[PDB]
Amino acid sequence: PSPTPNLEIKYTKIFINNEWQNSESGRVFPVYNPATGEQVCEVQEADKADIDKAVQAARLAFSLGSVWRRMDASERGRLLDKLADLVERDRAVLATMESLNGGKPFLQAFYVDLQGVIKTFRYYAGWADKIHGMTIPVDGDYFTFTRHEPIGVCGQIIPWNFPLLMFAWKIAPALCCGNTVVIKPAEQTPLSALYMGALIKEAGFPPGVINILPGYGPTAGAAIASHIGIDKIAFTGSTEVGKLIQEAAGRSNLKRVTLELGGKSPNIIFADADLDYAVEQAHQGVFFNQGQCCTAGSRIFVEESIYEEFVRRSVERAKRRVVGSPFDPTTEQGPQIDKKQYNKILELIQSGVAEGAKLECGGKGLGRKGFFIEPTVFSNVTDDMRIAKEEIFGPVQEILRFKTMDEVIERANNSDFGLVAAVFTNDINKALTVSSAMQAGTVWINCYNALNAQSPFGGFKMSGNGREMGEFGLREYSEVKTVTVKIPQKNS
């Protein structure tokens, strides 16, 4: 494939009740291309008044007897597979939008992000008519069963690093279970989500089942979090804002909350691992998606015996990483999302140099149009450095050294975060020992960034609350109702 020539941006308004609407305020906000600095377009900016209209539409779409509630579960599923067909048909357009808006290299957006988008929808198409309750051999003369009903109106808030993929991870399980959705994409990256609105009507979802409100966090986002007519909030973003979400939910509605927050994830390389493979996988674990991954392996612990050769190979690999235009096939790494993130990264890079960490390569911006940063590698990192403790969310790799398994297990878990972790070793006893010991929601053995819709994903400690994806992720999108019926005698 190749990028869509002269990409037309035709969906820029708020999506409520399957209709495109203006701001109630009249205000719009700009969208920028992080590779060039230019302004792509203006998007209608949602605020509290627009959220209330979205919630009203989602609440009416969910009313008993409505088309969405009466629909056969198997038909919710076919609606989700139809959306997958449409995203497949419009694949190159959508990957061009994610590239133009998110700075993702186009071929990565096409073959990675968009593939996961289509697979997520097809996976949850299969689940809709396979959500089961139970019947229970209860004490006494009763017949007891549970029903797994949709919760109702689900408010969803997502960040900017995987716009289209996040969108699908949120709405696919929600819809599969029969909920209706008020979703606020990141203000940095609203474009693909809005295009998804057109596909969503084209697929034939009833009006109001999905409502897409682009806008800012403290306005549209905080309106969702505090709204009294929203039954559930799924939030993905930073840990500090996640604290605000949980506070707002208790203070307002006691709405149910899922949190997917930040990480500072350890990647543990043992000496007996394949050096070629572990170096490239730890390099991808840092630099994938411009380093803007919550799953970034940002604390690479290397066994003493190989640390020095590991540093040499990682440095060579980072020194060859092709930075440049996302539309160029050779580009490995695009720009950071915006200037605020760009500066956040460079000040962090300065912090590591000001502390005692050896800067092997990189360290500076590139000076080009946009927000490009040189692939950066620190060695001699110690656990006390800001670099080893704060989420960089940029193309900065940090290599630490360790001696014994007990040591590195302690140090990997010595963190307020616990999103993910990885171990590289051919030894089965320390593979399972380390993986069992990690306080993280996902552990990889001899791989990294293996995420899919089939597998539960979420954080330990302050990295989140609850789980997304897989059969477990469906639990957060239904309510359990126990029906107990008095019966004359009961046998079995």
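If you superpose the two forms and keep the largest set of C-alpha atoms that fall within 1.5 Å, you have the rigid core. In this text, residue numbers run from 1 along the sequence as written.
A.B. asks: Do the Cα atoms of 361-369 or of 375-383 sit farther, on average, from the shown structure in 6 other deposited structures of this protein when the rigid core is superposed?
C.D. replies: Result of the core-fitted comparison in 6 other deposited structures of this protein: 361-369 deviates more.
A.B. asks: Is the larger C-alpha RMS shift in 6 other deposited structures of this protein, relative to this form with the rigid core superposed, found in 282-290 or in 416-424?
C.D. replies: Per-stretch check in 6 other deposited structures of this protein: the more divergent one is 416-424.
A.B. asks: Answer yes if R467 is missing coordinates in at least a third of the other compared entries, and no if every one of them models it.
C.D. replies: Looking at the other entries that model residues on either side of it, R467 is missing from at least a third.
A.B. asks: Quick check on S66: across the other compared entries (only those modelling residues on both sides), is it unmodelled in a third or more?
C.D. replies: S66: modelled in all of the comparison entries.
A.B. asks: Which has higher Cα B-factors on average according to the PDB entry: 140-148 or 368-376?
C.D. replies: Higher mean C-alpha B-factor in the PDB entry: 368-376.
A.B. asks: 259-267 versus 304-312: which one carries the higher mean Cα B factor per the record?
C.D. replies: The deposited B-factors put 304-312 ahead on the C-alpha mean.
A.B. asks: Could you say which of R386, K170, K130, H283 has its CA atom at the highest B factor, as listed in the PDB entry?
C.D. replies: If I rank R386, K170, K130, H283 by C-alpha B-factor, first place goes to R386.
A.B. asks: Tell me, please, which of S66, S463, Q44, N446 has the highest C-alpha B factor according to the deposited entry?
C.D. replies: Answer for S66, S463, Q44, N446: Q44, with the highest C-alpha B-factor.
A.B. asks: Considering every modelled residue of the chain and its Cα B-factor in the PDB entry, is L191 in the lowest, middle or highest third?
C.D. replies: Middle third - that is where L191 ends up once the chain's C-alpha B-factors are sorted.
A.B. asks: Select lowest, middle or highest to describe the third in which the CA B-factor of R91 falls within its chain in this entry.
C.D. replies: It belongs to the middle third of the chain when residues are ordered by C-alpha B-factor.
A.B. asks: Which third, lowest, middle or highest, does the C-alpha temperature factor of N17 belong to within its own chain?
C.D. replies: Within its chain, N17 is a middle-third residue by C-alpha B-factor, going by the deposited values.
A.B. asks: Of the three thirds of its chain by CA temperature factor, lowest, middle or highest, which one includes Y342?
C.D. replies: Ranked within chain, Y342 CA B lands in the middle tercile.
A.B. asks: What third of its chain's C-alpha B-factors does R78 belong to: lowest, middle or highest?
C.D. replies: Bottom third by C-alpha B-factor.
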